[PDB]
Amino acid sequence: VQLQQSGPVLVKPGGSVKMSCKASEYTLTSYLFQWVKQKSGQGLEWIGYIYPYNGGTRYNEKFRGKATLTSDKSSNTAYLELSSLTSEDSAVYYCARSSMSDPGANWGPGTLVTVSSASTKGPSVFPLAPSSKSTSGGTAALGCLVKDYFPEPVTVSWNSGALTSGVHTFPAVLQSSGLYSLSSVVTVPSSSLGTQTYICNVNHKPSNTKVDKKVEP
Amino acid sequence: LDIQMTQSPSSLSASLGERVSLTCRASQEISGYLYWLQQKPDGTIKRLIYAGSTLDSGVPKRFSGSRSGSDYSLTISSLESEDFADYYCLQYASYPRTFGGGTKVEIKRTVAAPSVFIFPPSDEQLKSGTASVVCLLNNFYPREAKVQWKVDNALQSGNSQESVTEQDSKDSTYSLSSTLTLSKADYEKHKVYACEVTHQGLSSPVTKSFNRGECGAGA
């Protein structure tokens, strides 16, 4: 149960955007795709549905006809296109597949759309090196500062996902420069520093940037 | 028309291991076509219950769903740290599909003093022309915490920003970062950078600092 959705995008005001949603399996059979919108920090709102079987569609009146839902039977993919974009459109969009067996059976991860006149910018990744000033007991703290990027979001993993316990990735903060910044920290064995490598994998899909930074003591 | 879903409470606090319940009231008959979902901090949404009381096969027995007239409730028998998230009800008896306002679950746990660490700016950032000094308050509880910056014994003001994580999915604690941002020039002009933190779990305020001259280690 894991629906796939297209990545995050930055789009200028007045423009449009089209996002996709497809099952991670051939699936087949008659199913319906439900779409949902969520502004940052707010609740969920139903956008509408697209019924591949007959091409039927239905939309929440609140979108004033700005949303268009379509689908491609061959690829089992559903699309959501939003027009004449405004800041009101900056939000995360989700898709869910229903009817088959369920009732909101599977959900996609969501697609974060940011409407802005500002240009995309990849982050600079600096190390937060472990030292006696970040070590207590046999435990050392270390991390990565993901600075000056736009727009959201960025993803941070440690050692290709092999390190998850103790990882704390802070909420991005908008700086006075209009760019975002955040840190991701993790605690590890102080004795491992000489043998084990610790690398933060940073991905900023809006700028198509990916950086892996090894954090040295 | 438009079926209204009234969910309560908006925010819920409870000790780990307790049994908690969320209610959703339908303004119209929905014939058990009520759905419960969980949205974790990282955005992940998953089906918990459907048909009012049917449990998703992938969800643990701790989650239960019931109905009493126009009242529908989601019950989590034994709260776990992993349950920290926002919960929403959704009726699918008719269109438009409508959601409840949501419930945010807060987890109460034993007090935990934070471990305090400080990080000098990296040489790499300095080359860029900027300096970020980071103070980390790790794994504490409750949320209440005060962090003050002193540069060469002078209290700092207006040049730092703090960020806090949501309660940890494993132990329900918080972590906080306080970042002091300076121009490379201003960072090079001073030597002692201190982070002073006050927290309930700490007997007295703790001060963590470093001397730019000694670098990050003991040079």
# chains A, B, ... in the order shown; residues from 1 in each chain; ligands from 1
call {"tool": "residues_around", "arguments": {"residues": "residue 31 of chain A", "least_positions_apart": "2", "cutoff": "8 Å", "atoms": "only C-alpha atoms", "output": "PyMOL selection string"}}
result
chain A and resi 28-29+33+51-53+97-100
call {"tool": "closest_atom_pairs", "arguments": {"of": "chain A", "to": "chain B", "cutoff": "6 Å", "atoms": "only C-alpha atoms", "output": "tab-separated table"}}
result
residue	atom	partner	partner_atom	distance
A:46	CA	B:97	CA	5.9
A:109	CA	B:44	CA	5.9
A:131	CA	B:217	CA	5.8
A:133	CA	B:118	CA	5.9
A:134	CA	B:117	CA	4.5
A:170	CA	B:165	CA	5.4
call {"tool": "residues_around", "arguments": {"residues": "segment 76-78 of chain A", "least_positions_apart": "5", "cutoff": "9 Å", "atoms": "only C-alpha atoms", "output": "ChimeraX atom specification"}}
result
/A:19-23,26-28,33,50,52,69-71,95
call {"tool": "write_last_selection", "arguments": {"atoms": "N, CA, C and O atoms", "output": "short mmCIF file (atom, residue, chain, number, x, y, z; two decimals), in the first residue's frame"}}
result
data_model
loop_
_atom_site.label_atom_id
_atom_site.label_comp_id
_atom_site.auth_asym_id
_atom_site.auth_seq_id
_atom_site.Cartn_x
_atom_site.Cartn_y
_atom_site.Cartn_z
N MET A 19 -0.03 17.51 -11.83
CA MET A 19 0.65 16.49 -11.04
C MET A 19 0.03 15.12 -11.32
O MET A 19 -1.10 15.03 -11.77
N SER A 20 0.78 14.06 -11.03
CA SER A 20 0.28 12.72 -11.31
C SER A 20 0.25 11.81 -10.10
O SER A 20 0.90 12.05 -9.08
N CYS A 21 -0.51 10.73 -10.26
CA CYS A 21 -0.68 9.73 -9.21
C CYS A 21 -0.92 8.38 -9.86
O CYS A 21 -1.82 8.24 -10.70
N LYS A 22 -0.13 7.39 -9.46
CA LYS A 22 -0.30 6.05 -10.01
C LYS A 22 0.02 4.98 -8.98
O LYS A 22 0.79 5.22 -8.05
N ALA A 23 -0.58 3.81 -9.15
CA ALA A 23 -0.35 2.69 -8.25
C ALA A 23 1.06 2.15 -8.46
O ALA A 23 1.63 2.28 -9.54
N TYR A 26 0.37 -2.99 -11.10
CA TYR A 26 -0.54 -2.97 -12.25
C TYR A 26 -1.98 -2.81 -11.79
O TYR A 26 -2.80 -2.19 -12.47
N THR A 27 -2.29 -3.40 -10.63
CA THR A 27 -3.62 -3.33 -10.04
C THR A 27 -4.74 -3.77 -10.97
O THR A 27 -5.24 -4.89 -10.87
N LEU A 28 -5.13 -2.86 -11.87
CA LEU A 28 -6.21 -3.10 -12.82
C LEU A 28 -7.56 -3.01 -12.13
O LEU A 28 -7.66 -2.49 -11.01
N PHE A 33 -10.16 7.52 -8.22
CA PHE A 33 -9.09 8.31 -7.61
C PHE A 33 -9.64 9.56 -6.96
O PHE A 33 -10.22 10.41 -7.64
N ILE A 50 -11.88 11.32 -10.11
CA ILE A 50 -11.82 11.03 -11.53
C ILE A 50 -12.05 9.51 -11.55
O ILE A 50 -11.38 8.76 -10.85
N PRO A 52 -11.81 6.52 -13.87
CA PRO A 52 -11.27 5.96 -15.11
C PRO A 52 -12.26 5.16 -15.96
O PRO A 52 -12.26 5.28 -17.18
N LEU A 69 -9.45 17.13 -13.44
CA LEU A 69 -8.96 15.78 -13.20
C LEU A 69 -9.10 14.93 -14.46
O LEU A 69 -10.14 14.93 -15.13
N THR A 70 -8.04 14.20 -14.79
CA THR A 70 -8.06 13.34 -15.97
C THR A 70 -7.30 12.06 -15.64
O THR A 70 -6.68 11.96 -14.59
N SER A 71 -7.38 11.07 -16.52
CA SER A 71 -6.65 9.83 -16.27
C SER A 71 -6.29 9.11 -17.55
O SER A 71 -6.90 9.33 -18.60
N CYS A 95 -3.51 12.00 -3.27
CA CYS A 95 -4.44 11.21 -4.05
C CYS A 95 -4.66 9.92 -3.28
O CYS A 95 -3.75 9.43 -2.61
#
call {"tool": "select_by_dssp", "arguments": {"residues": "chain B", "states": "alpha helix (DSSP H)", "output": "JSON, numbers by chain"}}
result
{"B": [123, 124, 125, 126, 127, 128, 184, 185, 186, 187, 188, 189]}
call {"tool": "residues_around", "arguments": {"residues": "segment 140-152 of chain A", "least_positions_apart": "5", "cutoff": "6 Å", "atoms": "only C-alpha atoms", "output": "ChimeraX atom specification"}}
result
/A:120-130,134-135,179-188,190
call {"tool": "closest_residue", "arguments": {"among": "A:37, A:205, A:62, A:168", "to": "residue 10 of chain A", "atoms": "only C-alpha atoms"}}
result
A:205
call {"tool": "atom_distance", "arguments": {"atom1": "atom CA of residue 142 of chain B", "atom2": "atom CA of residue 198 of chain B"}}
result
11.9 Å
call {"tool": "atom_distance", "arguments": {"atom1": "atom CA of residue 17 of chain A", "atom2": "atom CA of residue 81 of chain A"}}
result
5.5 Å
call {"tool": "atom_distance", "arguments": {"atom1": "atom CA of residue 65 of chain B", "atom2": "atom CA of residue 28 of chain B"}}
result
18.7 Å
call {"tool": "residues_around", "arguments": {"residues": "residue 156 of chain A", "least_positions_apart": "4", "cutoff": "7 Å", "atoms": "only C-alpha atoms", "output": "number ranges by chain"}}
result
A: 200-203
call {"tool": "write_last_selection", "arguments": {"atoms": "C-alpha atoms", "output": "PDB file, in the first residue's frame"}}
result
ATOM      1  CA  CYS A 200      23.864  13.029   5.355  1.00  0.00           C
ATOM      2  CA  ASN A 201      21.993  12.571   2.057  1.00  0.00           C
ATOM      3  CA  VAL A 202      20.204  15.780   1.165  1.00  0.00           C
ATOM      4  CA  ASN A 203      17.707  15.995  -1.677  1.00  0.00           C
TER       5      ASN A 203
END
